[PDB]
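Sequence lines, in order, name chains E and P. Here UniProt numbering is used: the first residue of the first sequence is 4, the next is one more, and so on. Here UniProt numbering is used: the first residue of the second sequence is 4, the next is one more, and so on.
2 protein chains.
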Amino acid sequence: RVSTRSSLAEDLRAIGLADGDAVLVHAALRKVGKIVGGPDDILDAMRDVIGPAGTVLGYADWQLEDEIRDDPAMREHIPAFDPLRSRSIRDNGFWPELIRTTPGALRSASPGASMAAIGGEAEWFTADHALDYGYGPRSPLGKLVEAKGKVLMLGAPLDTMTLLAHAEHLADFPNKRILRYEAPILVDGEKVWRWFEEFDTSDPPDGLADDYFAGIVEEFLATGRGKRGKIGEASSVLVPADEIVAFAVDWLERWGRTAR
Amino acid sequence: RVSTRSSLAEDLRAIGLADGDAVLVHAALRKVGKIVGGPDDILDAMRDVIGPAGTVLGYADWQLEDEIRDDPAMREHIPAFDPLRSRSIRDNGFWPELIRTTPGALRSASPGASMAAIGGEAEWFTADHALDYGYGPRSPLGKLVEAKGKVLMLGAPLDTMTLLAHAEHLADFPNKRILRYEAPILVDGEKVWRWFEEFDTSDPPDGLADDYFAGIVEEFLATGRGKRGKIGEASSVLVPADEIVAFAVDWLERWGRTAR
Ligand SMILES: CC(=O)SCCNC(=O)CCNC(=O)[C@H](O)C(C)(C)COP(=O)(O)OP(=O)(O)OC[C@H]1O[C@@H](n2cnc3c(N)ncnc32)[C@H](O)[C@@H]1OP(=O)(O)O
Ligand SMILES: CC(=O)SCCNC(=O)CCNC(=O)[C@H](O)C(C)(C)COP(=O)(O)OP(=O)(O)OC[C@H]1O[C@@H](n2cnc3c(N)ncnc32)[C@H](O)[C@@H]1OP(=O)(O)O
Ligand SMILES: [Cl-]
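What follows is the structure in structure tokens.
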């Protein structure tokens, strides 16, 4: 079975992508199977479906390891985060690099939370991304909710849905672990070390498993409010951003009130 | 032992890179070893050594496979070669992709022979790349010789020195295999299939081994006119482009006169 730009576009329309949509995609590209024009056919087909005014996103992050950021002897040899040159974290697969290196793509400024975006509103989604609490309202994720966008899990494991970290941020529950770290960025065109602060997106709230995002998504799909479908050979899920965030905040806040 | 932008720069100086140099690099990056800022440190270090007027090149090619290209049923789903969008052939390693996706880089128009270039003369090296016989004088390889540039095998096996296919083009020896194939390119901004003609660069001249480039390089190094040295943990070779081509034309033409 071989996918084409044409056939991938019909698979994306079948799962629910439509004209003007903004969609953040998480992908395990190897699950799509054989593609005539390679994985670029997927991005091209998406843009065919949503049109030039739509926007595709991918979770770029960057490749600074904590083993490295923290080892002080290597401190001066670590390049600053540069949203135009820092490659995406390889843990998130080729897909965000695919977007980031496509002509016309943009990438936001908050390093660990940084998002790549292409399409009509890429300038809007990537701009004014808060350095601290980069998963809150002033981020591509918060604008995805405001713009009533969607999340596509393209063969990706369901617990890699980064949008639910934005739910973690909004949700009121006790003893949110705050994380503080120091990373090099650009200030006035020069490398500067800056202290960051965010809610922890690396580990779950104490008392839930590392993969509980997957459970939340499966509960949301159980309500019938999402859509499952095949993109190429990859089993995929399309959910509305605003609904799943409200769903996830609800879940987290109720779980929080079960404390003593 | 970990490499840095600084330490790779000193390694590149030790092997013979100098201000203003134009260097086409073939790389097996995995055996550079650990690099603090990843393989982009190598390119940054090269640019530190050669300066903004120097030029780094990598051999991009592109990804259209003969299986697909030849298959008539998928001919219409095969995207045209776009020097701005078509990713590098993956069996040349990450290095040409690394250059091609670096801001400011350029890429030439002859698909199978196409070269990515960044630096002071990148416009000149990538301009006017002949579609037929893309390894002859009107190519980045011909301009490398004219500019008296260099080739650096950065941990790469010596028989991957594509510059020697330019020597194959020049060398007068009998019964050169001519290759004819068709491939989709951009004409007037739209996809058009075009027939191509070149000397064979995928198979050696009848009567030589698939890796005879390696033997030529090793015998050139035995004249004393190349330099060996380690870039990071990778065994590397630096040769002048003009001399090795003249050396290889000599070798091929003498081998050709042993017929009859
Ligand atoms: C809680 C959080 O926030 S987690 C953060 C977000 N994480 C994510 O979004 C990740 C979602 N994906 C996953 O979790 C997947 O399981 C991941 C990526 C580990 C693994 O996915 P897999 O498909 O192995 O890998 P990936 O998605 O990179 O696809 C690889 C396909 O690349 C194509 N590809 C990669 N690079 C290129 C290229 N340069 N040119 C052409 N094709 C390429 C290939 O077909 C490659 O596979 P191959 O190695 O067989 O050739
Ligand atoms: C006849 C002809 O004309 S032949 C044509 C020319 N051919 C060439 O120039 C190829 C020369 N190289 C070779 O032959 C080598 O043996 C090749 C590439 C097969 C194999 O090289 P190897 O190092 O495996 O592979 P490569 O050079 O791609 O280095 C790989 C890695 O680089 C860095 N890497 C790759 N992608 C990224 C990325 N996205 N971000 C950061 N680093 C990356 C990594 O460390 C990745 O390795 P890992 O998988 O261990 O993490
Ligand atoms: Cl309740």
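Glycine included, every Cβ here is placed at the ideal spot set by N, Cα and C.
Query raised in the report: What separation, rounded to the nearest whole angstrom, lies between the Cα atoms of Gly-235(P) and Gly-54(P)?
Result: 20 Å
**Report entry** C-alpha gap between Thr-261(E) and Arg-180(E), whole angstroms
**Finding:** 18 Å
Query raised in the report: Three-state secondary structure (DSSP) at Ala-186(E)?
Result: strand
Query raised in the report: On the three-state DSSP scale, how would you describe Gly-41(P)?
Result: coil
Query raised in the report: Would you say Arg-183(P) reaches chain E, if we count a Cβ-Cβ gap shorter than 9 Å as a contact?
Result: no
Requested in this report: Return yes when at least one heavy atom of ligand 1 lies under 8 Å from the C-beta of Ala-48(E), else no.
Outcome: no
Query raised in the report: Under 7 Å Cβ-Cβ, which residues of chain A neighbour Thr-7(P)?
Result: As a matter of chain content, chain A is missing from the structure shown, whose protein chains are E and P.
Query raised in the report: Are there three or more Cβ pairs, one per stretch, closer than 8 Å when the stretch 86 to 94 of chain P is compared with the stretch 139 to 149 of chain P?
Result: no
Report task. May I ask whether a heavy atom of ligand 1 can be found less than 8 Å away from the beta carbon of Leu-32(E)? Result -> yes
Requested in this report: Would you decide whether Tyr-184(P) is buried or exposed? Buried here means 16 or more other CB atoms lie within 10 Å of its CB.
Outcome: exposed
**Report entry** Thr-58(E) beta carbon less than 9 Å from that of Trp-127(E)
**Finding:** yes
**Report entry** Closer than 8 Å: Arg-263(E) CB and nearest ligand 3 heavy atom
**Finding:** no
Requested in this report: With a floor of 4 residues, list each alpha helix (DSSP H) that falls wholly inside the stretch 150 to 208 of chain E, ordered by position along the chain.
Outcome: 166 to 173
Query raised in the report: Between which two residues does the alpha helix (DSSP H) carrying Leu-15(P) extend?
Result: 8 to 18
Query raised in the report: Using a Cβ-Cβ distance under 9 Å, would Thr-104(P) count as near chain E?
Result: yes
Query raised in the report: Comparing the C-beta of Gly-115(P) with each C-beta of chain E, is any distance below 9 Å?
Result: no
Requested in this report: Please classify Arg-260(E): does DSSP put it in a helix, a strand, or coil?
Outcome: coil
Query raised in the report: Does DSSP classify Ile-81(E) as helix, strand or coil?
Result: coil
Query raised in the report: What does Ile-71(P) touch in chain E if you count any residue whose Cβ is under 7 Å from its own?
Result: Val-39
Query raised in the report: Who are the Cβ neighbours of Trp-258(P) in its own chain at under 7 Å, not counting the five residues just before and after it?
Result: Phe-176
Query - Contact under 9 Å by Cβ, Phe-84(P) with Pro-42(P) - result: no
Query raised in the report: Is the shortest distance between the beta-carbon of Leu-87(P) and the beta-carbons of chain E less than 9 Å?
Result: yes
Query raised in the report: Within 9 Å (strictly less), CB to CB, does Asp-47(E) reach chain P?
Result: yes
Query raised in the report: Cβ of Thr-163(E) versus every heavy atom of ligand 1: is any distance shorter than 8 Å?
Result: yes
Query raised in the report: Roughly how many angstroms lie between the CA atoms of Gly-218(P) and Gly-61(E), to the nearest whole one?
Result: 46 Å
Query raised in the report: Less than 8 Å between the CB of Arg-260(E) and some heavy atom of ligand 3, yes or no?
Result: yes
Requested in this report: Establish whether the CB of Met-118(P) and some CB of chain E are separated by less than 9 Å.
Outcome: no
Query raised in the report: Taking only beta-carbon atoms, is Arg-50(P) less than 9 Å away from chain E?
Result: no
Query raised in the report: Quick one, are the C-beta atoms of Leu-241(E) and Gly-23(E) less than 9 Å apart?
Result: no
Query raised in the report: Beta-carbon of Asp-64(E) versus every beta-carbon of chain P: anything under 9 Å?
Result: no
Query raised in the report: For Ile-247(E), which option in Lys-233(E), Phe-223(E), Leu-255(E), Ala-237(E) has the closest C-alpha, if you only look at C-alpha atoms?
Result: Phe-223(E)
Query - Nearest to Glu-124(P) (by Cα), restricted to the options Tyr-138(P), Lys-146(P), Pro-106(P) - result: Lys-146(P)
Query - Among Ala-244(P), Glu-13(P), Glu-70(P), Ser-6(P), the one whose alpha carbon lies nearest that of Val-39(P) - result: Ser-6(P)
Query - Distance cut-off 8 Å: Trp-98(E) Cβ against heavy atoms of ligand 2 - result: no
Query raised in the report: Going straight from the alpha carbon of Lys-233(P) to that of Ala-56(E), what length do you get?
Result: 50 Å
Query raised in the report: With which residues is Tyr-62(P) paired in a DSSP beta bridge?
Result: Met-118(P)
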